[PDB]
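**Q** What follows is a single structure, and I will ask about it in a moment.
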Amino acid sequence: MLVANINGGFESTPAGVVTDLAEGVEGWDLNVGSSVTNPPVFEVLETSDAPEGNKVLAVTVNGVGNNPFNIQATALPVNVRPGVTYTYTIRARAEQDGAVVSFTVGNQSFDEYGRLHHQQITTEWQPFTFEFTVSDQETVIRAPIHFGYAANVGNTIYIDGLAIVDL
Ligand SMILES: OC[C@H]1O[C@@H](O[C@H]2[C@H](O)[C@@H](O)[C@H](O[C@H]3[C@H](O)[C@@H](O)[C@H](O)O[C@@H]3CO)O[C@@H]2CO)[C@H](O)[C@@H](O)[C@@H]1O
Ligand SMILES: [Ca+2]
Ligand SMILES: [Ca+2]
């Protein structure tokens with residue numbers, strides 16, 4: 001497969017809790033804003049029900065901040081070509097009912113090309129997909145996933161298999 005993003009299924013990362021948020025996970029940048037006073041736990045988990053490979057990323061939300069982007073996992077770099085249309089696909093599920101996530105893609109200037117907004121995440125793995133076009137002259141973009149929704153407090157959201165593919 002040809003994908004724009006790196007380590008989209010976390011298979012390069014050792015299992016364990018991630019505390020180097022910017023660089024602990026190849027291909028991703030994790031962020032927690034300081035308004036989040038009960039910080040989340042980001043963990044790469046080895047599990048037999050990983051949709052891809054043997055590992056997933058688990059995000060346990062113990063609290064939230066002021067905006068959903070105050071807890072994020074962002075794929076970066078994401079290598080693309082100006083004017084090309086891409087398919088985004090990812091897999092997600094949650095430990096408990098009632099989780100919400102937005103899956104977005106944007107450039108280094110934080111201009112957003114597209115998103116799937118307040119997706120309802122269930123306890124079963126589901127694919128989440130949308131198309132976007134690189135409508136400017138950027139070649140290296142990013143794919144922020146927002147987890148900091150109040151409804152997620154006390155839940156764990158699992159993601160795997162991000163693939164951004166030249167349509
Ligand atoms: O690339 C990782 C960095 O992300 C920074 O947060 C950005 C979010 O990832 C992005 O979703 C958000 O996008 C804004 C957009 O700029 C605005 O036009 C639109 O109206 O709202 C979107 C969000 O709902 O931009 C922010 C940056 O302001 C982090 O701040 C950072 O820690 C991280 O490295
Ligand atoms: Ca995986
Ligand atoms: Ca990084």
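Just remember, in the structure tokens the first chain shown is A, the second B, etc., residues are 1-based per chain, and ligands are 1-based in the order shown.
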Report as number ranges by chain all protein, DNA and RNA residues lying within 6 Å of segment 64-75 of chain A, evaluated on only C-alpha atoms, omitting residues in the same chain fewer than 5 positions from it.

**A** A: 27-33, 35-36, 142-149

**Q** Report as a list in words all protein, DNA and RNA residues lying within 9 Å of residue 38 of chain A, evaluated on only C-alpha atoms, omitting residues in the same chain fewer than 4 positions from it.

**A**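 Contacts, in chain order: residues 61, 62, 63 and 64 of chain A.
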
**Q** For the residues in the current selection, export C-alpha atoms as a short mmCIF file (atom, residue, chain, number, x, y, z; two decimals), in the first residue's frame.

**A**
```cif
data_model
loop_
_atom_site.label_atom_id
_atom_site.label_comp_id
_atom_site.auth_asym_id
_atom_site.auth_seq_id
_atom_site.Cartn_x
_atom_site.Cartn_y
_atom_site.Cartn_z
CA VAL A 61 -9.61 10.55 28.85
CA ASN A 62 -9.72 11.32 32.56
CA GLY A 63 -10.78 14.95 32.08
CA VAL A 64 -10.98 17.67 29.47
#
```

**Q** Please check which protein, DNA or RNA residues sit within 6 Å of ligand 2, counting only C-alpha atoms and all ligand atoms, and write them as a list in words.

**A**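 Checking only C-alpha atoms and all ligand atoms against ligand 2 at 6 Å gives residues 9, 10, 11, 50, 52, 53, 54, 55, 56, 160 and 161 of chain A.
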
**Q** May I have the residues from that selection written out with N, CA and C atoms, as a short mmCIF file (atom, residue, chain, number, x, y, z; two decimals), in the first residue's frame?

**A**
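Output below, filename again-v3.cif:
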```cif
data_model
loop_
_atom_site.label_atom_id
_atom_site.label_comp_id
_atom_site.auth_asym_id
_atom_site.auth_seq_id
_atom_site.Cartn_x
_atom_site.Cartn_y
_atom_site.Cartn_z
N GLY A 9 -0.56 2.70 11.92
CA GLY A 9 -1.13 1.69 12.79
C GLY A 9 -0.33 1.38 14.02
N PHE A 10 0.60 2.27 14.34
CA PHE A 10 1.41 2.25 15.53
C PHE A 10 2.36 1.07 15.66
N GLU A 11 2.58 0.34 14.56
CA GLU A 11 3.32 -0.93 14.63
C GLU A 11 4.80 -0.69 14.90
N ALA A 50 -6.41 -5.96 17.63
CA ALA A 50 -5.95 -4.87 16.75
C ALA A 50 -6.48 -5.11 15.35
N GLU A 52 -5.28 -3.76 12.69
CA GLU A 52 -4.10 -3.75 11.83
C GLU A 52 -2.92 -4.12 12.70
N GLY A 53 -2.13 -5.06 12.14
CA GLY A 53 -0.95 -5.39 12.90
C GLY A 53 -1.31 -5.96 14.27
N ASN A 54 -0.46 -5.66 15.25
CA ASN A 54 -0.63 -6.20 16.57
C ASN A 54 -0.87 -5.12 17.61
N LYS A 55 -0.84 -3.86 17.19
CA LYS A 55 -0.91 -2.76 18.14
C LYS A 55 -1.97 -1.74 17.74
N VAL A 56 -2.47 -1.07 18.79
CA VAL A 56 -3.37 0.07 18.67
C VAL A 56 -2.89 1.19 19.58
N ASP A 160 -6.75 2.85 15.25
CA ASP A 160 -5.76 2.04 14.53
C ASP A 160 -5.99 2.24 13.04
N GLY A 161 -4.96 1.89 12.27
CA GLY A 161 -5.13 1.78 10.83
C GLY A 161 -5.41 3.06 10.11
#
```

**Q** Need the shell around residue 90 of chain A: protein/DNA/RNA residues with any atom at most 10 Å away, counting only C-alpha atoms. Skip same-chain ones fewer than 5 positions apart. Format as an MDAnalysis selection string?

**A** chainID A and resid 8:9 51 103 125:130 159:164

**Q** If you count only C-alpha atoms, which residues fall within 12 Å of residue 112 of chain A, apart from same-chain ones fewer than 5 positions away, as a count of residues only?

**A** 14

**Q** Figure out the distance between atom CA of residue 101 of chain A and atom CA of residue 16 of chain A, please, to one decimal in Å.

**A**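 Atom CA of residue 101 of chain A lies 22.6 Å from atom CA of residue 16 of chain A.
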
**Q** Nearest to residue 109 of chain A: which of A:86, A:15, A:140, A:151 is it, counting only C-alpha atoms?

**A**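 Closest candidate: A:140.
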
**Q** I need the residues in segment 85-150 of chain A that are strand (DSSP E or B) according to DSSP; give them as a VMD selection string.

**A** chain A and resid 85 to 94 99 to 106 112 to 121 126 to 133 140 to 146

**Q** Excluding residue 81 of chain A and any residue of its chain fewer than 6 positions from it, enumerate the residues within 8 Å of it, using only C-alpha atoms, and give them as a list in words.

**A** residues 134, 137, 138 and 139 of chain A

**Q** Measuring between only C-alpha atoms and all ligand atoms, which one of A:114, A:98, A:82, A:154 shows the shortest distance to ligand 1?

**A**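 The shortest atom-to-atom distance to ligand 1 comes from A:114.
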
**Q** Excluding residue 155 of chain A and residues on its chain fewer than 2 positions from it, collect all residues at most 7 Å away from it, counting only C-alpha atoms, and give them as number ranges by chain.

**A** A: 60-61, 94-96, 152-153, 157

**Q** Please measure the separation of atom CA of residue 13 of chain A and atom 21 (O, counted along the ligand's line) of ligand 1, giving the value in Å to one decimal.

**A**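 Pair atom CA of residue 13 of chain A / atom 21 (O, counted along the ligand's line) of ligand 1 returns 29.3 Å.
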
**Q** With distances taken over only C-alpha atoms, which of A:113, A:19, A:119, A:150 is nearest to residue 84 of chain A?

**A** A:113

**Q** When distances are computed from only C-alpha atoms and all ligand atoms, which of A:165, A:92, A:76, A:17 shows the smallest separation from ligand 1?

**A**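 Looking only at the distances to ligand 1, the closest residue turns out to be A:76.
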
**Q** Using only C-alpha atoms, which residue out of A:14, A:83, A:24, A:40 lies closest to residue 59 of chain A?

**A** A:40

**Q** Between A:78, A:121, A:1, A:22, single out the one closest to residue 156 of chain A, counting only C-alpha atoms.

**A**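 Result for the nearest residue to residue 156 of chain A: A:121.
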
**Q** Would you give me, as a list in words, the residues in chain A that DSSP reads as helix (DSSP H, G or I)?

**A**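 Helix (DSSP H, G or I) assignments inside chain A correspond to residues 68, 69, 70, 150, 151 and 152 of chain A.
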
**Q** Expressed in Å to a single decimal, how great is the separation between atom CA of residue 117 of chain A and atom CA of residue 80 of chain A?

**A**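 Taking atom CA of residue 117 of chain A as the start and atom CA of residue 80 of chain A as the end point, the length is 22.2 Å.
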